[PDB]
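In what follows, a single structure is set out as structure tokens and then discussed.
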Number of protein chains: 2
Amino acid sequence: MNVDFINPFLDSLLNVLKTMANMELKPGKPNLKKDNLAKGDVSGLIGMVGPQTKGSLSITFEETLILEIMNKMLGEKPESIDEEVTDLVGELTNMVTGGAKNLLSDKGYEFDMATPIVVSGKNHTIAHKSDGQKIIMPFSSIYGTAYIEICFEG
Amino acid sequence: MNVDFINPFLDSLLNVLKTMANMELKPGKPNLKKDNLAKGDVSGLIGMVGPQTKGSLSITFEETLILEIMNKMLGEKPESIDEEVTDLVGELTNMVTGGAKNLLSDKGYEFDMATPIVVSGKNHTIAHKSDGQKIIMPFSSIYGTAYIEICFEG
């Protein structure tokens with residue numbers, strides 16, 4: 001996959017966490033050829049469609065990380081992933097994906113995003129089922145790890 | 001929402017399950033108000049975008065049900081949910097959505113679909129984060145329960 005397409009999602013993530021949670025996550029080594037390995041506790045998932053193109057984005061969080069994000073964004077920690085946390089994950093998925101859509105639209109890449117889906121489950125794995133090009137990127141802090149996966153056809 | 005919009009998704013689910021494994025599931029009473037309640041072990045998730053509209057579909061299976069579906073097609077149960085099983089759930093998800101896409105095009109409802117995502121994890125729940133109308137319908141059998149959620153706004 002081309003880097004100028006990938007970066008805006010990676011940059012939106014870091015920008016959203018920086019401006020909203022005063023949090024600088026550390027990007028790790030990307031994986032360009034295998035998903036359904038990295039475990040998470042809550043995930044935001046969103047589909048994308050463009051002219052002759054289709055794709056998908058997922059942002060997966062370990063429980064300790066998302067609860068600390070809640071704590072910085074709303075001043076209080078819920079103890080466990082509850083309904084309000086799933087809403088935060090939905091909103092974060094929208095901000096990461098929307099911020100990427102604006103930057104990419106200036107570069108000539110146009111797409112519409114679907115409704116986000118939040119999955120809650122202890123140690124679930126995500127797999128983007130497509131013959132397209134994929135990228136998985138870990139982002140770590142002392143409070144846990146987040147995984148962003150972007151997939152596209154066309 | 002519209003029963004004319006929802007029905008094509010429900011019919012495709014039964015048609016795809018019959019075509020694949022001769023599996024007939026019984027529909028139960030749907031929830032039209034609240035999601036993030038039904039639990040499952042493997043789910044297919046796919047976004048939808050039409051002109052000035054956006055939506056999402058998820059199909060969730062209990063482990064015993066999806067492994068029996070596998071058993072009816074191949075002659076043997078896989079023991080756990082693996083890549084073969086997640087590949088099947090992604091295909092079932094595309095076929096259900098594509099089948100509905102066609103029935104709905106004849107009626108005037110048009111949309112394109114994103115790439116499907118498959119989630120694996122014991123007892124995970126699903127929240128479609130939208131202001132639109134939602135339907136979560138159970139489909140039961142002697143081998144366990146499947147849930148289909150359709151969400152759309154526009």
Side-chain angles (χ1 to χ4, degrees), chain A residues 35-39 43 45 47 54-56 58 60 117 119 121 123-132 134 136 149 151 153, chain B residues 8-17 19-25 27 38-48 56-76 78-102 113-121 123-126 136-150:
Chain A
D35 60 12
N36 213 46
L37 300 179
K39 303 277 175 291
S43 296
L45 298 70
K54 55 179 186 172
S56 52
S58 62
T60 297
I117 297 178
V119 182
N123 289 328
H124 68 272
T125 56
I126 299 196
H128 292 240
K129 297 287 173 169
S130 163
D131 297 332
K134 311 180 191 186
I136 308 82
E149 182 164 4
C151 170
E153 302 183 356
Chain B
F9 293 100
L10 303 189
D11 293 340
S12 302
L13 182 58
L14 298 192
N15 293 339
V16 168
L17 290 163
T19 301
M20 282 183 176
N22 199 16
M23 177 74 71
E24 289 174 19
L25 303 178
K39 290 177 174 166
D41 306 310
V42 60
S43 303
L45 303 93
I46 199 173
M48 283 168 305
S56 51
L57 175 145
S58 62
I59 306 173
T60 297
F61 296 87
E62 292 180 331
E63 177 171 310
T64 54
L65 176 51
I66 197 60
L67 301 186
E68 182 61 20
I69 289 171
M70 296 280 304
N71 187 41
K72 290 197 186 311
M73 298 181 74
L74 302 171
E76 62 183 341
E79 274 184 305
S80 80
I81 294 169
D82 58 12
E83 201 191 60
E84 278 208 317
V85 181
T86 68
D87 287 347
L88 188 279
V89 171
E91 178 181 339
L92 168 148
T93 304
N94 276 324
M95 295 307 88
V96 170
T97 317
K101 193 208 190 307
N102 296 357
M113 66 193 73
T115 45
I117 298 177
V118 181
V119 167
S120 303
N123 291 317
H124 65 263
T125 54
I126 298 182
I136 310 84
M137 179 156 292
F139 282 93
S140 59
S141 69
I142 66 182
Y143 308 105
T145 304
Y147 296 96
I148 189 166
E149 175 167 8
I150 307 98

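Values below: every heavy atom of this structure, side chains too, minus hydrogens, waters and symmetry copies. Numbered from 1 within each chain, the chains take letters A, B, ... in sequence-line order.
Across all their heavy atoms, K54(A) and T115(B) have their closest contact at O-CG2, 3.9 Å. Taking all atoms of both residues into account, the shortest heavy-atom contact from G47(A) to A114(B) is CA-CB, 3.3 Å. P78(B) and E76(B) make their closest contact through CD-O, 3.5 Å (heavy atoms, listed as atom of the first residue, atom of the second, distance). Across all their heavy atoms, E63(B) and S80(B) have their closest contact at OE2-CA, 4.2 Å. Looking at every heavy atom in both residues, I81(B) comes nearest to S120(B) through CG2-OG, 4.2 Å. Nearest heavy-atom pair, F9(B) versus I148(B), reported as atom, atom and distance to 0.1 Å: O-CD1, 4.1 Å.
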* To do: List the steps and the verdict of side-chain contact (heavy atoms from CB on, under 4.5 Å) for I136(A) and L37(A).
  => CA-CA 10 Å; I136(A) 308 82; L37(A) 300 179; over 6 Å; no
* Asked: Is there a side-chain contact (heavy atoms from CB on, under 4.5 Å) between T97(B) and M48(B) once you walk through the steps?
  -> CA-CA 9 Å; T97(B) 317; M48(B) 283 168 305; 3.9 Å; yes
* Taking it one step at a time, do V42(B) and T60(B) satisfy side-chain contact (heavy atoms from CB on, under 4.5 Å)? -> CA-CA 6 Å; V42(B) 60; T60(B) 297; over 6 Å; no
* Asked: Does the side-chain contact (heavy atoms from CB on, under 4.5 Å) test come out yes or no for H124(B) and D41(B), once each step is laid out?
  -> CA-CA 6 Å; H124(B) 65 263; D41(B) 306 310; 5.5 Å; no
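Residues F139(B) and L65(B) fail the side-chain proximity criterion, which asks for heavy atoms closer than 4.5 Å. Side-chain contact between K39(B) and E62(B) is absent, with no heavy atoms from C-beta onward closer than 4.5 Å. Using a 4.5 Å heavy-atom threshold, the side chains of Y147(B) and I126(B) count as separate. Side chains of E83(B) and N36(A) form no contact here, defined as non-hydrogen atoms less than 4.5 Å apart. Taking the side chain as every heavy atom from C-beta outward, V119(B) and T125(A) never approach each other to under 4.5 Å. When side chains are defined from C-beta on, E84(B) does not count as touching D87(B), because their heavy atoms never get closer than 4.5 Å. In this structure, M20(B) and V16(B) have side chains that are in contact, with non-hydrogen atoms separated by less than 4.5 Å.
Evaluated for a side chain to side chain contact (heavy atoms under 4.5 Å, CB included) with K129(A), the options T86(B), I117(B), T93(B), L88(B) yield exactly one hit, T86(B).
Remark: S58(A) pairs with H128(A) by the side-chain hydrogen bond (donor to acceptor under 3.5 Å, both in side chains) rule, at least two apart or across chains. Shown here are the side-chain hydrogen bond (donor to acceptor under 3.5 Å, both in side chains) partners of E91(B), two or more places apart in sequence or in another chain: there are none.
Here the side chain of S12(B) pairs a donor or acceptor atom with the backbone of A100(B) at under 3.5 angstrom. The main-chain N or O of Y143(B) is found under 3.5 Å from a side-chain atom of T64(B) such that the two form a donor-acceptor pair.
The CG atom of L57(B) sits 9.0 Å away from the CD atom of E149(B) when rounded to the nearest 0.5 Å. In this structure, the separation between CD on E79(B) and CE on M70(B) is 12.5 Å, given to the nearest 0.5 Å. Atom NZ of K72(B) and atom CG of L67(B) lie 12.5 Å apart (nearest 0.5 Å). Note that OG of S141(B) is 11.0 Å distant from CD of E24(B), once rounded to the nearest 0.5 Å.
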